[PDB]
Structures are given as C-alpha cells and as structure tokens.
Protein chains: 2
Amino acid sequence: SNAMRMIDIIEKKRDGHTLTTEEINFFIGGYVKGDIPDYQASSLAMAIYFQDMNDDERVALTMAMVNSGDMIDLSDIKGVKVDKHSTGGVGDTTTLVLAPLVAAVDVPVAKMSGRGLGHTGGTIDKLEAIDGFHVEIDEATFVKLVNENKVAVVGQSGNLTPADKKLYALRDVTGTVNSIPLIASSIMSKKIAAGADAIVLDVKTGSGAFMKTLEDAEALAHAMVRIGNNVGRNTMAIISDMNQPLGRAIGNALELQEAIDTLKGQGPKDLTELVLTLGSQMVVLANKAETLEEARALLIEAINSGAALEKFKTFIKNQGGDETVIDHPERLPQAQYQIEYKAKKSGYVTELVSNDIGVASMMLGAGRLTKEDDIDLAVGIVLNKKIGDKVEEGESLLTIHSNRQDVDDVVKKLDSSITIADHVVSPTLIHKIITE
Amino acid sequence: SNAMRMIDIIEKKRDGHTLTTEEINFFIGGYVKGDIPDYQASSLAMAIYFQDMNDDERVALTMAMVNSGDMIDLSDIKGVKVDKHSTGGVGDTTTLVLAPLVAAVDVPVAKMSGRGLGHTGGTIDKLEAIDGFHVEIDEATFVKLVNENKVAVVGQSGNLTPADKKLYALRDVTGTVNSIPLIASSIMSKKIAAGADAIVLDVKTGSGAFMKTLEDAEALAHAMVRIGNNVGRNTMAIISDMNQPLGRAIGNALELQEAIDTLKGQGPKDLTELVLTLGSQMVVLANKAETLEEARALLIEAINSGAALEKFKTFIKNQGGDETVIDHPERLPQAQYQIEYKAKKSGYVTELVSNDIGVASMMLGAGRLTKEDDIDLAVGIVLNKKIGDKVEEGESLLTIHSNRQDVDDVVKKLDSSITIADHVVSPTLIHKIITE
Ligand SMILES: Cc1cn([C@H]2C[C@H](O)[C@@H](CO)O2)c(=O)[nH]c1=O
Ligand SMILES: Cc1cn([C@H]2C[C@H](O)[C@@H](CO)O2)c(=O)[nH]c1=O
C-alpha cells in the first residue's frame, strides 16, 4: 500500500538508514501526485533534517524533483550553456552585468529569469526600465537569439520542478528549510531542470546571507558542487560576502544604471570584483579559457574595448528595447525626489544591515509583497558609503530616491540599519573559490 | 498568527529547546480544534522523537490531552479508586480476576473497559459470555454499585482525550509512535482522564510486548510513574514478561473460565503470580495495607475464604448476568470442536511466539479486525505446555477450540509459533517492581 510504503520509508530514514533511489522516486512521485499526504512528507523532511542524506540520496532527490516537471532542452543552442545561481542578497546586480559580459566573450547566455517578490524587482523587472523591452519570445526565437548573439532572456517556464515548489513551501511551514540535503537538492533541481550544461553558484555568507556563517556557506557550496558533478552538469562555486549590500544601488532602474557603469569599467569596486570572479568561472566552464586568470583577462578586455556594453545594447535591441537608453542612461525612469540621508556623527561606517536597507528600498516601491503588487522602477536607495569608509557628521550616507514626499518610515528603517564608529577594514568580498 | 506560532514551536523543539506549558497547550488545543494542520503536528512529533521532552513538558502534554475532553469525576465513590493499565499481551486475563479480587478486600474498582479490536475480545466481550450481563448502566448507577459492592464496569465514555485519539492515529502513520514522552503522555492521559485516583502500570517486556527490551520497558515505566506522581495520581509499575502468552487460555469464554479457576486458587501459576503482584500494589495504593506482603496476604485470604469468587458473582448478578454460571462454568459457551495439536518431536518447549498464537486464536473468531466484526465467544486456544515444560512427540501442546471443521490455516500459524528443543528454564515473570 501507498500508506505502508511511505511509513516504512519514514521509519527507515528516522532510524538513520539510507533510502534507495526507488524509495526516493516513490516519495517524490507520490507526493507530487497527491497520493502521499503533506503530513507524511513533513515527517520525512524532519527525519531528513536530523539524519541527513548521503550524496547518492541527494542526487536521487534532486533528479526525482527534476523529473517531476519540465526539462528544458537547450541542445540546439551551440556551446556550453553555463548558468549562475545566487542564494541572494541586497544589491546583487550581477546578472545584469554578467549576461552581456559573458556573451561578449562568446559564452552562450540562455537565461531564464523572473519578476517576483522581494526587496526589489527580479532581473526582468529591472530590464523593463528600458522602454519596449519584453520577454514575450517563443522557444525557436530564444534559441535563434542565443545562437546569433550569445544572449537572450525569457521568463520562468510554466511547470519547472513542481515537486520542489510543493516541498519547499511545505518545508517553510514545518521547520525543515535549513537542512543541507534539502537546500542543495532544491536549488540544484531548478538549475538542472532549466537546461544548464554547467552551473556557477554564488553562495552568500554573513548577516545578509541565507547561510550566515562561513562554515555553513562552505558546507552548502561543496554539497551543491558534488551534486552537479555527479549528474554531469559541471559545477563550481564562490563564497562571497553579504555583511552589507553589494555595490551602491538598491532598486530597479538604479541598478540598471550601475550595471551600465560596470559594463564600462566605471562601476563599484565590489560589484566589479564579484562579476569578474563569477564570470571567470563561467568562461572556464564554457571552455572559453583554460584558467581563471586567462578568463579574467578576456572579460576585462571585453569591458575595456566596449564589446561588453555593445552586447548589452544588442541584447536590449533584439528584445524590443530602446538601446539608445544604454548610451544615455540619464533618460532612464528618475524618481521625483532625491533626499539625502546624512550621518548623525563622524567616524567610519561599521555596520550596514543589508536586509533592512532592502526593506527600506522596498517600502519606497522598489519590490513586491504579492504577485499582484506593482513596482515603481524609479525608486530605491543609492549608498554613498560602505563598511570601512570615513564619514563626517552631516555628510551623505546615501540618497533616497522617492516618488512620494513622506519617507519618514523609510528613514526610520535606515536609522536602525547603519552604525558609525571607529575605523574598521572593508570586509573581504571573495572568501572562497570552490572547484570540488 | 496560528501558523507562525506553530512554526516557532516546531523550530524551538527541533533546536533542542524546552517548550513552555503555554506552547504545549496552544499546540494541543489548536490541533484538536482543526486550527493546526496534521502536517505541522507530525513535524513537531518527529522533532520530539529526536529531541525528547523533560518531565514538565511531558506533564503539560499529558494534561493538555486530558483537558481536550471528558474528565470523569469519581469523587462520589468512596475511597481511593486505583486503576491498572497493561501495555497488553496475549492471554493477559488479569483484569477479570483483579476486579472482583481487589473489590473483595474493600478497594473500589470503578472500571471503565471496552470491546474493541485485537486478537481476542475486550474485557466486556469476555464478560458477555455470561447470559444477561451488560454494561448499560447510567452514571448514578455505576457510583451506587461501586459504593455498595466495591465493583462495577462500564464501557468507554463518549469523548475521552480526543487530542490523544487524533495524535496517536497520526503518530501511527508518520513514524512517531515509539517515543517515550509521546507514549507516556498518551497512556497516562487516558488513565487520568478516566478518573483514577491512583494508577498501577503493567509494562510488558519481551518478544510479545510493545517494549521488547527490559531497558526500554523500564524507561517507559519510570517515565509514567514520574508523570502520575507529579500530577498527584500516585502511580506504581511492574515490568512483567511476555516472551510467551500469559496463562493457558487465549480467547473469550475460555479466559473467563481461567479467571474463575484463579479466583478459586486453581489457576495457572503465572497468571496467579501476576495477579497477586499487581493486586498487592493496588491494595497498598488504595490504603488498604501498609506493605506489599501484607496486601498479598489479604488477597490470598480473599481467594481462600471464597470471598473473591463470591464478589465476582455479586458483580455479575448486579449487572444482569446469571451468576450461577460462575459456580458451574461448564455451562459457559463451548466450541463444537476441540482439536488437539500435538508435539512433532520430544524435548522441551523453548519458544511460543505470543502474537502469532494470538493471531491463530483470532482466526478461529476470538477477536475483531473492524468495529463491525462479530466475535465468537466460545473459540480460542488453550495451551497445555509453556516455555520450559517437557513434551513428548505426540503429546498435546495445546487444544484448539473451533466452531468450524477446517482449522488448517490456524494449525499452520501455530506451526510457525512453537519451538521444541533441549531444556531451558521458565523465564522470570516479574522483572521489576517500581515505586519511583
Ligand atoms: C533555501 C532555499 C531557497 N530557495 C529559493 C526560494 C527562496 O525564497 C530564495 C532565497 O532563500 O531561494 C529554494 O527554492 N529552495 C531552498 O531550499
Ligand atoms: C504506544 C501506545 C499505545 N496505545 C494504545 C493503542 C494501542 O493499539 C495499544 C497497544 O500498544 O495501546 C496508545 O493509546 N498510545 C500509545 O502511545
């Protein structure tokens, strides 16, 4: 019986034993069909939380979830399609730069993105700051664009990893999100289902990260790298710092402006370094260089020669956008009110609580609570100081870009998020580069 | 919110922390109302399975479940109402003897029993072997009978510990039955809800027991004793052997005949010793003796003088039964066919698998699979040899009492259950007597 088979699987894992591939497939298939109840799935997840899963179990779980839905076939796109996944963070504007940059060195960027919920818009929301831009292209058009220009962007497919949509939602309401085998299989399933030949992972660490400690970020990164390599989608990872927002801009059009600056070699130093580190991994994985150092050289030349920016314009143009805005980004959506937020004392910026700066930006209209909320593409925060920068009393810490006069509640959220005290060093941005 | 409060409780226990009484009450109250879903309850149960609960948590859980339903008020019955609970076992015919025996030494037996599912009938099914006997008495009648005769029996009330009915059923389908805090609170809640002033626990051990190992039986017994004493329902326990069926008779009317023999001091030695051990605890708990040895003397005198048996007759008479059957038990329901089951080789009986002998008896009609099945009160097994008894090839191991000619399938089940080999000692029946 379904009931007894699942009771036996639950007790087996509870008792510390390894599940077979067939047992894992039976669970996922049965769960996604509605044949195995949420209450048995949660019990198994909690048993997994305590007793864990080995790599073979983790791969079986990953692939069962892949096989629950759409498997996007990118085989007609020439070359090695490498995809980057970030566990997430306030100011993470890397995808905007990485797509044209990597494409500009002949690496196919077959990107599936979204809109969604969060402090700020998803990559597609940000790109829609450009008049005309859209992602309403069909399959054959996506394939053609990547073959001809090495870049294109579509939105989410309709049925990627339904077993994971269901299980993550359950994990979130039953205390079972924070378990390595469940996180690793969850993240990796979606990237594998989306068609990636190879995967680069940006695993954040620090107070603004999912994995707050370096040890936990490392554990998760290695676990995902081993899954990918085992299934034959070559995988590498970086552990990067999120003890403060990345770059300066937190918003939609504002982040697009920063991406444009970076693509001209005039962006924030942190964002530039993360881009070059992740890009270098992507270039090597795509067999467009033998070493990270060779890859980084290619990328910097692409930026310096203008090729990176020109590729961004081609990308925007090819999907309906007015690419002349890239050359004249002063014409992007501009907030009516630019309100300086000043340091209340002199010293050094020692703390910037990322998530709360994200909430502050969101409260201006930069992001959604519900799929039905509308985003204001013009609004956000631009940080004028980062951790370790000197600041004097009365100097601007950041600029608030608002389309409303009253930003009292945004200012109080920023008040809770900034600490000024005596000198500290800038935190190290790239903690670890993982190739195994 | 209900959802967030419960997520926080789940994570708290998962993380190894103690739950507050209020948190436990919120869970049980919310769960029983339908406000907290099965899938959150199961996750909490699995977290409890790994992380456990201290005594204060266990008492809060026990009492929250008590408070979910009926709390039977026995205060108008004079004296200390002591109740015995057995974790269960094939041939456990102690309640039949204990009710009249203990009553006969002036201890009030306000017994709530049932019918139910199992290898054989419940205590009420067995008593219904006597023509006329019934438990259709009201509250005031039950109270009067116990005050006047020191014994009466009713069936289950309508709504005892609904939180436990719901949680045990869930535990059984999610891998969370075998956790000490959950077992202890479950068993103790029902006994406390039923009105017992004091509780005697018969915790079985061995292959025919719930708690197969002595260490596990002990752990569970002490855990229940501490719950009871903490709530002020003085509790003691015994750990008794179930490596083979207790006594000789496994059935309904057959067990009633054995109870009658024991009440005349002519019963099986094992059943007699268990009765006297449990009875002695009950007598002391009811303040009818100062020591176990004094209690045992009282009980043996009650048997020897005829008082125990006479009390059984009064009990049966007072609830409609023909008490002359107790004096002439040869008039009880008799199976048409008595089929001897003979030893296939000489030696000593070394193994009797209790549960499978129970299944064999059940297959004759002695017990129910569903609340809708009918029991045959006449049928069952009477063992003529126990572990350590000598047997010769061709001598009767047991007698099958059947109302059908074809018992081939009962005989094959018995074949799998009996081992004859070289001499062994009878196993020790009373392993431990617990008073803390
Ligand atoms: C931890 C985790 C996150 N996610 C996604 C959804 C989250 O809202 C987002 C950031 O943690 O990434 C998963 O899909 N699965 C996971 O296991
Ligand atoms: C172990 C356990 C048993 N029981 C009852 C129902 C079982 O079918 C019976 C024998 O284990 O006792 C409980 O009510 N709660 C429990 O936790």
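We number each residue from 1, going along the chain as drawn.
We read in the header that X-ray crystallography, 1.9 Å was used to get this structure.
Just so it is clear, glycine is given a Cβ too, placed from its N, Cα and C backbone atoms.
If you draw a 10 Å sphere around the CB of B:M112 (phosphate binding site), it holds 24 other CB atoms from the protein chains shown. What Swiss-Prot lists as phosphate binding site is B:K84, B:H85, B:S86, B:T95, B:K111, B:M112, B:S113, B:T123.
Residues or ranges marked as K(+) binding site in Swiss-Prot: B:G91, B:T93, B:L246, B:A249, B:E258. In three-state terms derived from DSSP, B:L246 (K(+) binding site) belongs to neither a helical nor a strand segment and is classed as coil.
Per Swiss-Prot, substrate binding site is recorded for B:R171, B:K190, and the stated evidence type is similarity to another entry. Within its own chain, B:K190 (substrate binding site) has B:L160, B:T161, B:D164 as residues 6 or more apart in sequence whose C-beta sits under 8 angstroms from its own.
In terms of DSSP helix, strand and coil, the expression tag (B:1-3) has 2 helix, 0 strand, 1 coil. Annotation comment: the PDB entry describes B:1-3 as expression tag.
Ranking the binding-site residues B:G91, B:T93, B:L246, B:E258 by C-beta neighbours within 10 Å puts B:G91 at the top. Rounded to a whole number, the distance between the Cα atoms of B:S113 (phosphate binding site) and B:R171 (substrate binding site) is 23 Å. Neighbour list (B:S86 (phosphate binding site), Cβ cut-off 8 Å, at least 6 residues apart, same chain): B:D92, B:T94, B:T95, B:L201, B:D202, B:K204.
Of the recorded residues, B:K84 (phosphate binding site) and B:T93 (K(+) binding site) place their C-alpha atoms 12 Å from one another. The distance from the Cα of B:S113 (phosphate binding site) to the Cα of B:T93 (K(+) binding site) comes to 13 Å. Nearest to B:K111 (phosphate binding site) in space, judged by Cα atoms and limited to the binding-site residues B:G91, B:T93, B:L246, B:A249, B:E258, is B:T93. Taking every pair among B:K84, B:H85, B:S86, B:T95, B:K111, B:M112, B:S113, B:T123, the residues listed as contacting phosphate, the largest Cα to Cα separation comes to 14 Å. Listed in chain order, the residues near the K(+) site other than B:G91, B:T93, B:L246, B:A249, B:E258 are B:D92, B:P245, B:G247, B:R248, B:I250, B:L254, B:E255, B:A259, B:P268, B:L271, each with its Cβ within 8 Å of the site Cβ centroid.
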